[PDB]
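Novice: Below is one structure. I have some questions about it.
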Amino acid sequence: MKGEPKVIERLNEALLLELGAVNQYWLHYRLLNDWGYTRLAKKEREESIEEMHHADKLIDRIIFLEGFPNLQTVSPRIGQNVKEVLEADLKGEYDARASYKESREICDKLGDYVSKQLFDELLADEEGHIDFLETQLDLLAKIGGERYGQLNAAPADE
Amino acid sequence: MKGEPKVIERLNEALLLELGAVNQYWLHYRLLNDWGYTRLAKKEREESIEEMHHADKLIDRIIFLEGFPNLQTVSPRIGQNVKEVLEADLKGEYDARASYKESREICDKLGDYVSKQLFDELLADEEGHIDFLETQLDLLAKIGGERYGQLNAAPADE
Amino acid sequence: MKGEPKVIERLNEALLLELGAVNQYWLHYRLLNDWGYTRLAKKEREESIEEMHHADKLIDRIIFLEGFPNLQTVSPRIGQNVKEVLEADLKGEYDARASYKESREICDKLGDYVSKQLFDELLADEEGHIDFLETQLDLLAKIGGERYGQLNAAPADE
Amino acid sequence: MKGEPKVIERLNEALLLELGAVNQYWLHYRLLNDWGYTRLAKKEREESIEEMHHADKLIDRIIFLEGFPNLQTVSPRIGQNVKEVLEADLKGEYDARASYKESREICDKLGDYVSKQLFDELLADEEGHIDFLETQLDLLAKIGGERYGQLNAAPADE
Amino acid sequence: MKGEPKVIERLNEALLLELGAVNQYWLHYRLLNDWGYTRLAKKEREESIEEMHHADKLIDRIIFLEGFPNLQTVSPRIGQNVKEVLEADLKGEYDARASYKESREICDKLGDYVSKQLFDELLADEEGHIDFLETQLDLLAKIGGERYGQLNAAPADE
Amino acid sequence: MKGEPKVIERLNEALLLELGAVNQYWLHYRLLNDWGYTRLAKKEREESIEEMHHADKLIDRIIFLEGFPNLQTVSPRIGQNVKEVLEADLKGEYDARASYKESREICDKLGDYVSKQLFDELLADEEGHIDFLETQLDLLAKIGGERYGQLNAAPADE
Amino acid sequence: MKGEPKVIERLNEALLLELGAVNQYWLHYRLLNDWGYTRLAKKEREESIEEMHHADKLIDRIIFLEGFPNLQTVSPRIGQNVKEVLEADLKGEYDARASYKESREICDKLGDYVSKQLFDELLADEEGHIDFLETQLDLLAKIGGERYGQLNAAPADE
Ligand code: HEM
Ligand code: HEM
Ligand code: HEM
Ligand SMILES: [Cl-]
Ligand SMILES: [Cl-]
Ligand SMILES: [Cl-]
Ligand SMILES: [Cl-]
Ligand SMILES: [Cl-]
Ligand SMILES: [Cl-]
Ligand SMILES: [Cl-]
Ligand SMILES: [Cl-]
Ligand SMILES: [Cl-]
Ligand SMILES: [Cl-]
Ligand SMILES: [Cl-]
Ligand SMILES: [Cl-]
Ligand SMILES: [Cl-]
Ligand SMILES: [Cl-]
Ligand SMILES: [Cl-]
Ligand SMILES: [Fe+2]
Ligand SMILES: [Fe+2]
Ligand SMILES: [Fe+2]
Ligand SMILES: [Fe+2]
Ligand SMILES: [Fe+2]
Ligand SMILES: [Fe+2]
Ligand SMILES: [Fe+2]
Ligand SMILES: [Fe+2]
Ligand SMILES: [Fe+2]
Ligand SMILES: [Fe+2]
Ligand SMILES: [Fe+2]
Ligand SMILES: [Fe+2]
Ligand SMILES: [Fe+2]
Ligand SMILES: [Fe+2]
Ligand SMILES: [Fe+2]
Ligand SMILES: [Fe+2]
Ligand SMILES: [Fe+2]
Ligand SMILES: [Fe+2]
Ligand SMILES: [Fe+2]
Ligand SMILES: [Fe+2]
Ligand SMILES: [Fe+2]
Ligand SMILES: [Fe+2]
Ligand SMILES: [Fe+2]
Ligand SMILES: [Fe+2]
Ligand SMILES: [Fe+2]
Ligand SMILES: [Fe+2]
Ligand SMILES: [Fe+2]
Ligand SMILES: [Fe+2]
Ligand SMILES: [Fe+2]
Ligand SMILES: [Fe+2]
Ligand SMILES: [Fe+2]
Ligand SMILES: [Fe+2]
Ligand SMILES: [Fe+2]
Ligand SMILES: [Fe+2]
Ligand SMILES: [Fe+2]
Ligand SMILES: [Mg+2]
Ligand SMILES: [Mg+2]
Ligand SMILES: [Mg+2]
Ligand SMILES: [Mg+2]
Ligand SMILES: [Mg+2]
Ligand SMILES: [Mg+2]
Ligand SMILES: [Mg+2]
Ligand SMILES: [Mg+2]
Ligand SMILES: [Mg+2]
């Protein structure tokens, strides 16, 4: 099903953002683990693997539409503390959300309703991630960064 | 354990090659699947996930040595048939093998024997992948590309 | 919920296409089985039963909207070999996809968003079938029709 | 039970042939595996281990008769393709069969009926191996060497 | 296998460091337990038992090389708080790491590659312990010593 | 419960003897194993681990009494045969028994009845070890050292 | 991966030693069994099968490096009693150890670190066998050859 070039371009823009998030969440997993925040690190690892599945679905759609998937990554936000790490994740999610809103509208306008549906599902997922991250940052604000870190660290015998 | 800058540079060069292989094997998985070679596609997916673990171990070592892991990827070899896909994988493995031979020698010379051991394990893994890919290309040569593809395709009801 | 006549007409047009596909996939199942291509035959049988479920959902929606479901079938594409059978299936899927794109737009324009959603789900399903059939025809092209048939035949003791 | 020197000599001649077959089947296992013919390779490995048991039984009989078992091997037939590998195996089996026919007659003439029985069992085993190998070479002749190789190769994900 | 005197001396130097660590980790287990930091205490006990296994492997190698294992301990670092306890452990690990780097090089130079391999395995283990302890001290720095202690204490009913 | 200095001194004297026995029994385990007396070696290993538990209980009591446990070891008796190994163990047990008899009397005189009870339990344990070792040496005397060694060695396939 | 001729030569020298040990341990198994030393015989059989696995790994590496594995055996040390059998095994292990030390150094010098690693693993294995055999010969020396034989014989009803 030879796809619209403009739809393939939007799918490739999403792929770049998703691969960027895979890399950023994985680096955050390893960084948080080295800092001792092993519980939050595990959540970042789980979120990275979810973004990997998103990237896979975009690659599949691009190939189905007879486009060329461009697997590349623009490297950084890398914080120096747990608040900055969460804020960097959140910035990325807002950026993706804005991209996918524009993309679903382009796909609708061009009559590719199945690609539209893919962007709608990504959009719902990103708002879920935003909801989660905003809550974590609200908790950090309320209890303080040191108790937030303690809450998200394991004792030494685990 | 603040590491030698030259060792961290070699670890980052390996990370770039490993991330490149993750991307290339994943694209090959999706491409082969779309062509109908579902059994070889599954093997490529399994090899991509192995390279992901390698990348993870390099990121961990870099952070332990107080370096900055550079997660970026130089994008392509993408073949148009199953022989070219296998040859592109094989080129990548030879390139990595040469890199890791040089890197283990640098780590030894600088007295970082644990980083040396990491490169030695990567080197053994790459020679295993080379062994596998050379055998697949030898089989393809012997039985022909069409029977090799048939062997590596599933029937329609699977 | 007395429905728009134009929506009921689009639902009945879909029902005709779905019932046509039920019949065509079932005939293909029996024809391929008689030719010895028992594995592909089983896939065609499975696809026929899926189209039966689609037809059922269209009948249910038509009755809910107080329309009369018209269960009739315009009889044929019946190939003489496995490539022609697959191509006939594929033509039917492209025809259905075009119908459902137009229908979802009509339902949206008339404010029947639940009927729109039914057509959107049918559209996604048809693109899935197109993806599958295009891959099978690509495999057949690459390995040849005789190896494709062999791959999709069972030995005599099964 | 101090044995006839001529019987011990025949048992040692058999031991040399059996050890030669152990080595040849094992080399064929590794060679076929490297070529990608993993299913035939497994059969060769199984046949090598059977010849190992034969060698063990000959060593045991030689020691019981108070002789000295001579464990040595005259090294090669090593083919360059699957037909030549099978033909080399078959030549070895015909050579062993002829040896064991002569040996059972010598043991009978000298009144060592239990050693005769050992050669009779080896002879039956060798005719079984000949039956198998002749059938494989007949199949290879009928379907061609490339389909025979394909039949005896595994897909990449196994 | 009568060993090089210089290798046996290096093995005995390692044994002294390992036995020192057994004693220091065990004292830390009992001290931390008395302070109420029962979770960190358990980790120290587990680390002491690991060092016991290391000491055992060194004794075995020394005896194999026909040397005399010298089981003695130079007694202390004993902190007055949890930060000082962790820092004392870490000092010991850095001291051992430096010893084992020098020792593996001596064994290599003298051609005792199996003793070299033992020191390489100890070296990898010590860098693992360093990684762990540096992370714990980083967490303590980030959340404060009182929350770090609380995290590593059990409630009264456990 | 700030303890009597004289009681803490007696507890530290016991700790030194117990740690000495840990080391001596462990060296005997490894030495006997290298000589081939694997069954007696296992018993020595089990006895070493029991002395480790004794040392742990002394460390705990010393800390409870607000003393400083002194973990150090005066290194040797190391025999050249199985009789000398057993005699060295036995000498150590008699030395400990005499120490603990004096210590329980000091603790009683000073009114530390719980420390007295600890020494009473150690004393009973040591008389048990003496009973065992005297019986082993009596058996060795009666059947001879070579049969005693044979009895306490495993066959080669274990 | 076309290998260095000098590395392939070292691998073939190892293969000859390993195949020699397979044969010698198997003959020792059968000889010891005929003498009644069934427990030691079983250990020799187990050691022969381990050497078979070593030979297999060398054949695999040689083929990977595009060399020709030479499966041949220089026939003998065959003792007349259990002490001589053990001493013959031990001589063979010392000979192999010396070969593998030289070979790992050659592979390192030529930059074949994976072949180096294979020789390092063989070297560790051989020192393990030396450790075992030296202990058995020490036990035999201490308890006498007749009790050593008795220890390694089964009663008649087993
Ligand atoms: C093109 C980029 C990538 C794709 C398409 C991708 C895809 C996937 C998928 C689909 C899985 C699920 C595995 C399963 O079925 O359980 C997975 C797992 C995983 N990914 Fe990736 N990924 C990508 C990049 C990365 C990167 C850059 C890393 C860096 C370390 C990584 C690390 C992992 C790990 C550790 C797993 C766990 C697999 C296991 O548990 O064995 N991935 N990936
Ligand atoms: C302060 C000195 C020591 C203390 C307090 C101590 C304490 C202990 C304790 C309580 C255990 C029981 C482990 C369990 O819960 O199963 C143990 C086990 C053990 N000990 Fe020690 N020990 C000491 C010295 C040594 C030494 C010098 C060695 C020399 C090799 C050693 C070797 C072992 C071994 C091998 C184990 C077995 C643990 C396992 O199976 O994983 N110990 N020790
Ligand atoms: C005197 C020559 C030989 C004798 C008497 C012999 C005997 C045997 C026997 C009786 C077994 C059966 C093991 C079992 O009980 O499952 C066996 C297994 C085996 N043999 Fe040999 N063999 C000989 C030569 C070789 C050679 C030259 C190789 C080359 C690689 C080899 C490779 C193997 C392997 C890999 C096994 C499998 C054992 C396992 O799965 O752990 N053998 N051999
Ligand atoms: Cl799709
Ligand atoms: Cl932080
Ligand atoms: Cl590490
Ligand atoms: Cl192709
Ligand atoms: Cl409905
Ligand atoms: Cl056909
Ligand atoms: Cl017999
Ligand atoms: Cl071939
Ligand atoms: Cl074919
Ligand atoms: Cl060792
Ligand atoms: Cl504290
Ligand atoms: Cl107490
Ligand atoms: Cl003795
Ligand atoms: Cl290899
Ligand atoms: Cl004997
Ligand atoms: Fe989740
Ligand atoms: Fe999640
Ligand atoms: Fe999620
Ligand atoms: Fe995403
Ligand atoms: Fe996201
Ligand atoms: Fe794998
Ligand atoms: Fe793999
Ligand atoms: Fe792999
Ligand atoms: Fe890799
Ligand atoms: Fe690789
Ligand atoms: Fe289905
Ligand atoms: Fe289906
Ligand atoms: Fe379907
Ligand atoms: Fe349909
Ligand atoms: Fe359809
Ligand atoms: Fe069989
Ligand atoms: Fe067989
Ligand atoms: Fe057979
Ligand atoms: Fe045979
Ligand atoms: Fe045969
Ligand atoms: Fe641990
Ligand atoms: Fe640990
Ligand atoms: Fe540990
Ligand atoms: Fe250690
Ligand atoms: Fe350590
Ligand atoms: Fe006990
Ligand atoms: Fe005991
Ligand atoms: Fe006891
Ligand atoms: Fe004691
Ligand atoms: Fe005792
Ligand atoms: Fe073993
Ligand atoms: Fe063994
Ligand atoms: Fe072994
Ligand atoms: Fe060996
Ligand atoms: Fe060996
Ligand atoms: Mg529209
Ligand atoms: Mg070196
Ligand atoms: Mg050096
Ligand atoms: Mg509207
Ligand atoms: Mg007659
Ligand atoms: Mg050297
Ligand atoms: Mg009293
Ligand atoms: Mg009183
Ligand atoms: Mg070098």
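Residue numbering restarts at 1 for every chain of the structure tokens, chains are lettered A, B, ... in their displayed order, and ligands are numbered from 1 as they appear.
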Could you give me, as number ranges by chain, every polymer residue with an atom at most 7 Å away from an atom of ligand 48, counting only C-alpha atoms and all ligand atoms?
Specialist: F: 21, 51, 93, 125-126, 129
Novice: Could you write those residues out with C-alpha atoms, as a compact mmCIF listing (two decimals), in the first residue's frame?
Specialist:
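So the final result, stored in selection.txt, reads:
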```txt
# COMPACT_ATOMS: atom_id res chain seq x y z
CA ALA F 21 40.53 -23.03 65.83
CA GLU F 51 33.86 -22.71 65.71
CA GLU F 93 40.59 -28.29 72.56
CA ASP F 125 30.95 -28.16 73.49
CA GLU F 126 34.72 -28.50 73.92
CA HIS F 129 34.96 -32.28 70.69
```
Novice: List as a PDB file with C-alpha atoms, in the first residue's frame the protein and nucleic acid residues near residue 64 in chain E, meaning an atom at most 7 Å away when only C-alpha atoms are counted, but skip any in the same chain fewer than 2 places from it.
Specialist:
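The resulting out-v2.pdb:
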```
ATOM      1  CA  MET E   1      53.172 -28.504  40.688  1.00  0.00           C
ATOM      2  CA  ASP E  60      43.610 -24.321  47.876  1.00  0.00           C
ATOM      3  CA  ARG E  61      45.842 -22.763  45.211  1.00  0.00           C
ATOM      4  CA  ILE E  62      48.708 -22.244  47.666  1.00  0.00           C
ATOM      5  CA  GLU E  66      53.240 -26.776  47.457  1.00  0.00           C
TER       6      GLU E  66
ATOM      7  CA  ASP G 131      45.687 -31.806  41.258  1.00  0.00           C
TER       8      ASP G 131
END
```
Novice: Could you list, as a PyMOL selection string, all protein and nucleic acid residues with an atom at most 8 Å from ligand 57, counting only C-alpha atoms and all ligand atoms?
Specialist: chain C and resi 108-111
Novice: With only C-alpha atoms and all ligand atoms counted, collect every polymer residue having an atom within 8 Å of ligand 44; state the result as JSON, numbers by chain.
Specialist: {"F": [46, 47, 50]}
Novice: Report as a short mmCIF file (atom, residue, chain, number, x, y, z; two decimals) with C-alpha atoms, in the first residue's frame all protein, DNA and RNA residues lying within 10 Å of residue 144 in chain F, evaluated on only C-alpha atoms, omitting residues in the same chain fewer than 6 positions from it.
Specialist:
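Below you can see out.cif, which holds the result:
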```cif
data_model
loop_
_atom_site.label_atom_id
_atom_site.label_comp_id
_atom_site.auth_asym_id
_atom_site.auth_seq_id
_atom_site.Cartn_x
_atom_site.Cartn_y
_atom_site.Cartn_z
CA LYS F 83 47.66 -38.62 63.45
CA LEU F 137 42.79 -41.28 68.00
CA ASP F 138 41.88 -44.46 69.87
#
```
Novice: Pick out the residues no farther than 12 Å from ligand 37, counting only C-alpha atoms and all ligand atoms, and list them as a PyMOL selection string.
Specialist: chain D and resi 13-25+47-58+89-90+92-100+118-130
Novice: Using only C-alpha atoms and all ligand atoms, determine which residues fall within 10 Å of ligand 5, then list them as a PyMOL selection string.
Specialist: (chain A and resi 32+35-37+79-85+145-146+148-150) or (chain E and resi 138-139+141-143)
Novice: Taking N, CA, C and O atoms for each residue, export the selection above as a JSON list (two decimals), in the first residue's frame.
Specialist:
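Printed below is again-v8.json as written:
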```json
[["chain", "number", "residue", "atom", "x", "y", "z"],
["A", 32, "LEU", "N", 20.41, 6.30, 37.37],
["A", 32, "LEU", "CA", 19.70, 6.22, 38.64],
["A", 32, "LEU", "C", 20.16, 5.01, 39.43],
["A", 32, "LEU", "O", 20.29, 5.08, 40.66],
["A", 35, "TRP", "N", 23.32, 5.84, 41.14],
["A", 35, "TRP", "CA", 23.09, 6.75, 42.25],
["A", 35, "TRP", "C", 22.44, 6.07, 43.45],
["A", 35, "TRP", "O", 22.38, 6.69, 44.53],
["A", 36, "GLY", "N", 21.88, 4.88, 43.27],
["A", 36, "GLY", "CA", 21.24, 4.14, 44.35],
["A", 36, "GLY", "C", 19.73, 4.16, 44.32],
["A", 36, "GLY", "O", 19.09, 3.51, 45.16],
["A", 37, "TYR", "N", 19.13, 4.83, 43.35],
["A", 37, "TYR", "CA", 17.67, 4.92, 43.25],
["A", 37, "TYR", "C", 17.10, 3.77, 42.44],
["A", 37, "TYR", "O", 16.50, 3.95, 41.37],
["A", 79, "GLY", "N", 20.02, 14.81, 33.41],
["A", 79, "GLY", "CA", 20.11, 15.53, 34.65],
["A", 79, "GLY", "C", 21.25, 15.07, 35.53],
["A", 79, "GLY", "O", 21.92, 14.07, 35.30],
["A", 80, "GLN", "N", 21.48, 15.86, 36.59],
["A", 80, "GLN", "CA", 22.47, 15.57, 37.61],
["A", 80, "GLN", "C", 21.83, 15.14, 38.91],
["A", 80, "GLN", "O", 22.54, 14.86, 39.88],
["A", 81, "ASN", "N", 20.50, 15.14, 38.98],
["A", 81, "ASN", "CA", 19.78, 14.68, 40.15],
["A", 81, "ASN", "C", 18.44, 14.11, 39.71],
["A", 81, "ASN", "O", 18.05, 14.21, 38.54],
["A", 82, "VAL", "N", 17.72, 13.53, 40.66],
["A", 82, "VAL", "CA", 16.50, 12.81, 40.31],
["A", 82, "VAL", "C", 15.40, 13.75, 39.79],
["A", 82, "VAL", "O", 14.63, 13.37, 38.90],
["A", 83, "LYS", "N", 15.32, 14.98, 40.31],
["A", 83, "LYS", "CA", 14.34, 15.93, 39.80],
["A", 83, "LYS", "C", 14.61, 16.28, 38.33],
["A", 83, "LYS", "O", 13.69, 16.29, 37.50],
["A", 84, "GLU", "N", 15.87, 16.54, 38.00],
["A", 84, "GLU", "CA", 16.23, 16.88, 36.63],
["A", 84, "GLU", "C", 16.01, 15.72, 35.67],
["A", 84, "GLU", "O", 15.66, 15.94, 34.50],
["A", 85, "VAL", "N", 16.25, 14.49, 36.13],
["A", 85, "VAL", "CA", 15.99, 13.32, 35.30],
["A", 85, "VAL", "C", 14.51, 13.24, 34.95],
["A", 85, "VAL", "O", 14.13, 13.07, 33.78],
["A", 145, "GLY", "N", 12.99, 16.27, 47.76],
["A", 145, "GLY", "CA", 13.76, 15.40, 46.89],
["A", 145, "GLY", "C", 14.46, 14.28, 47.63],
["A", 145, "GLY", "O", 14.61, 13.18, 47.10],
["A", 146, "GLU", "N", 14.88, 14.53, 48.88],
["A", 146, "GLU", "CA", 15.62, 13.49, 49.61],
["A", 146, "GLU", "C", 14.70, 12.36, 50.04],
["A", 146, "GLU", "O", 15.07, 11.19, 49.95],
["A", 148, "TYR", "N", 11.88, 11.69, 48.47],
["A", 148, "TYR", "CA", 11.50, 11.05, 47.22],
["A", 148, "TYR", "C", 12.58, 10.06, 46.78],
["A", 148, "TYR", "O", 12.28, 8.93, 46.36],
["A", 149, "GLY", "N", 13.85, 10.45, 46.88],
["A", 149, "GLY", "CA", 14.92, 9.53, 46.54],
["A", 149, "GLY", "C", 14.93, 8.31, 47.46],
["A", 149, "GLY", "O", 15.07, 7.17, 47.01],
["A", 150, "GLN", "N", 14.82, 8.55, 48.77],
["A", 150, "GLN", "CA", 14.76, 7.44, 49.72],
["A", 150, "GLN", "C", 13.64, 6.46, 49.40],
["A", 150, "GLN", "O", 13.84, 5.24, 49.43],
["E", 138, "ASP", "N", 27.24, 7.18, 47.58],
["E", 138, "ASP", "CA", 26.60, 8.23, 46.81],
["E", 138, "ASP", "C", 25.16, 8.42, 47.28],
["E", 138, "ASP", "O", 24.69, 9.56, 47.40],
["E", 139, "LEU", "N", 24.44, 7.32, 47.53],
["E", 139, "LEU", "CA", 23.06, 7.44, 48.03],
["E", 139, "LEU", "C", 23.04, 8.13, 49.38],
["E", 139, "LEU", "O", 22.25, 9.05, 49.63],
["E", 141, "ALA", "N", 25.17, 10.21, 50.52],
["E", 141, "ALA", "CA", 25.44, 11.62, 50.33],
["E", 141, "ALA", "C", 24.20, 12.37, 49.87],
["E", 141, "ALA", "O", 23.96, 13.51, 50.30],
["E", 142, "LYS", "N", 23.42, 11.75, 48.99],
["E", 142, "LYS", "CA", 22.29, 12.42, 48.36],
["E", 142, "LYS", "C", 21.10, 12.54, 49.30],
["E", 142, "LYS", "O", 20.45, 13.60, 49.35],
["E", 143, "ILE", "N", 20.77, 11.47, 50.04],
["E", 143, "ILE", "CA", 19.59, 11.52, 50.91],
["E", 143, "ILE", "C", 19.93, 11.85, 52.35],
["E", 143, "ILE", "O", 19.01, 12.08, 53.16]]
```
Novice: Just the number, please: distance in Å from CA of residue 156 in chain F to CA of residue 44 in chain G, one decimal.
Specialist: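 Distance reported for this atom pair: 9.0 Å.
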Novice: Once you count only C-alpha atoms and all ligand atoms, which residues end up within 12 Å of ligand 54, and could you hand them over as a short mmCIF file (atom, residue, chain, number, x, y, z; two decimals) with C-alpha atoms, in the first residue's frame?
Specialist:
```
data_model
loop_
_atom_site.label_atom_id
_atom_site.label_comp_id
_atom_site.auth_asym_id
_atom_site.auth_seq_id
_atom_site.Cartn_x
_atom_site.Cartn_y
_atom_site.Cartn_z
CA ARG A 104 -2.82 12.47 13.47
CA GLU A 105 -4.36 15.56 11.88
CA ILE A 106 -2.14 15.23 8.80
CA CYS A 107 -3.01 11.54 8.41
CA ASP A 108 -6.72 12.31 8.77
CA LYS A 109 -6.52 15.09 6.17
CA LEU A 110 -4.75 12.77 3.71
CA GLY A 111 -7.17 9.89 4.27
CA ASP A 112 -4.78 7.46 5.98
CA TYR A 113 -7.08 6.56 8.86
CA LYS A 116 -4.12 8.22 12.13
CA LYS C 101 -12.62 4.48 3.74
CA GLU C 102 -15.52 6.12 1.92
CA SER C 103 -18.03 4.70 4.41
CA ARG C 104 -16.25 5.90 7.55
CA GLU C 105 -16.18 9.41 6.08
CA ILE C 106 -19.91 9.30 5.31
CA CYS C 107 -20.72 8.10 8.83
CA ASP C 108 -18.55 10.83 10.34
CA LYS C 109 -20.21 13.51 8.19
CA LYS C 116 -17.82 5.18 11.85
#
```
Novice: Would you please extract all helix (DSSP H, G or I) residues from range 26-73 of chain A, as assigned by DSSP on the backbone, and give them as a compact mmCIF listing (two decimals) with N, CA and C atoms, in the first residue's frame?
Specialist:
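Written file, out.txt:
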```
# COMPACT_ATOMS: atom_id res chain seq x y z
N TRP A 26 16.87 4.54 28.93
CA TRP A 26 17.87 3.53 29.29
C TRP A 26 19.05 4.16 30.02
N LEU A 27 19.55 5.29 29.51
CA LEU A 27 20.61 6.00 30.22
C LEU A 27 20.16 6.40 31.62
N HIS A 28 18.92 6.88 31.75
CA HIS A 28 18.39 7.22 33.08
C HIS A 28 18.32 6.01 33.99
N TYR A 29 17.91 4.84 33.47
CA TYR A 29 17.94 3.61 34.24
C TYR A 29 19.34 3.36 34.81
N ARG A 30 20.36 3.42 33.96
CA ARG A 30 21.71 3.11 34.42
C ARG A 30 22.24 4.18 35.36
N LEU A 31 21.91 5.44 35.10
CA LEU A 31 22.38 6.54 35.94
C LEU A 31 21.74 6.49 37.32
N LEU A 32 20.41 6.30 37.37
CA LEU A 32 19.70 6.22 38.64
C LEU A 32 20.16 5.01 39.43
N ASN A 33 20.41 3.90 38.75
CA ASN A 33 20.91 2.73 39.44
C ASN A 33 22.25 3.02 40.10
N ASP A 34 23.13 3.72 39.39
CA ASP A 34 24.45 4.03 39.95
C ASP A 34 24.34 4.99 41.12
N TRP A 35 23.32 5.84 41.14
CA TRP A 35 23.09 6.75 42.25
C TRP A 35 22.44 6.07 43.45
N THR A 38 17.29 2.57 42.99
CA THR A 38 17.05 1.35 42.22
C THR A 38 15.58 1.15 41.85
N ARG A 39 14.64 1.66 42.66
CA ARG A 39 13.23 1.43 42.33
C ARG A 39 12.80 2.32 41.18
N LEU A 40 13.23 3.58 41.20
CA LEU A 40 12.91 4.44 40.06
C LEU A 40 13.64 3.98 38.81
N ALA A 41 14.87 3.50 38.98
CA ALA A 41 15.63 2.96 37.86
C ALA A 41 14.86 1.84 37.16
N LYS A 42 14.28 0.94 37.93
CA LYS A 42 13.50 -0.15 37.34
C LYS A 42 12.32 0.39 36.54
N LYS A 43 11.66 1.43 37.04
CA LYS A 43 10.55 2.01 36.29
C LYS A 43 11.04 2.61 34.98
N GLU A 44 12.20 3.28 35.00
CA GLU A 44 12.74 3.84 33.76
C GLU A 44 13.06 2.75 32.76
N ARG A 45 13.65 1.64 33.23
CA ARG A 45 13.92 0.50 32.35
C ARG A 45 12.64 -0.02 31.72
N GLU A 46 11.58 -0.17 32.53
CA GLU A 46 10.30 -0.62 32.01
C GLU A 46 9.74 0.36 30.96
N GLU A 47 9.90 1.66 31.20
CA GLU A 47 9.42 2.66 30.24
C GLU A 47 10.24 2.64 28.96
N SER A 48 11.56 2.41 29.07
CA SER A 48 12.39 2.28 27.88
C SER A 48 11.91 1.13 27.00
N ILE A 49 11.60 -0.01 27.62
CA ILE A 49 11.19 -1.17 26.85
C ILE A 49 9.83 -0.91 26.21
N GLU A 50 8.97 -0.13 26.86
CA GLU A 50 7.71 0.23 26.21
C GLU A 50 7.96 1.10 24.99
N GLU A 51 8.89 2.05 25.08
CA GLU A 51 9.18 2.88 23.92
C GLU A 51 9.77 2.04 22.81
N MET A 52 10.52 0.98 23.16
CA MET A 52 11.04 0.07 22.13
C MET A 52 9.91 -0.56 21.33
N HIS A 53 8.85 -0.98 22.01
CA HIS A 53 7.71 -1.53 21.30
C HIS A 53 7.06 -0.50 20.39
N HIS A 54 6.96 0.76 20.86
CA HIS A 54 6.43 1.83 20.01
C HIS A 54 7.27 2.00 18.75
N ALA A 55 8.59 2.08 18.91
CA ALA A 55 9.48 2.18 17.76
C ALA A 55 9.26 1.03 16.78
N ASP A 56 9.14 -0.20 17.30
CA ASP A 56 8.88 -1.36 16.45
C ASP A 56 7.60 -1.19 15.64
N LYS A 57 6.52 -0.72 16.27
CA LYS A 57 5.26 -0.54 15.54
C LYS A 57 5.38 0.52 14.45
N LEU A 58 6.18 1.56 14.70
CA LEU A 58 6.38 2.59 13.67
C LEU A 58 7.20 2.03 12.51
N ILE A 59 8.25 1.27 12.80
CA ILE A 59 9.03 0.65 11.74
C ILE A 59 8.13 -0.23 10.87
N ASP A 60 7.28 -1.04 11.51
CA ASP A 60 6.38 -1.94 10.78
C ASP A 60 5.45 -1.16 9.86
N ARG A 61 4.86 -0.08 10.37
CA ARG A 61 3.94 0.71 9.54
C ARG A 61 4.68 1.35 8.38
N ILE A 62 5.88 1.88 8.64
CA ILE A 62 6.64 2.53 7.57
C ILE A 62 6.94 1.54 6.45
N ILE A 63 7.39 0.34 6.80
CA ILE A 63 7.67 -0.68 5.79
C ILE A 63 6.41 -1.09 5.04
N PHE A 64 5.29 -1.26 5.75
CA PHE A 64 4.03 -1.58 5.08
C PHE A 64 3.67 -0.53 4.03
```
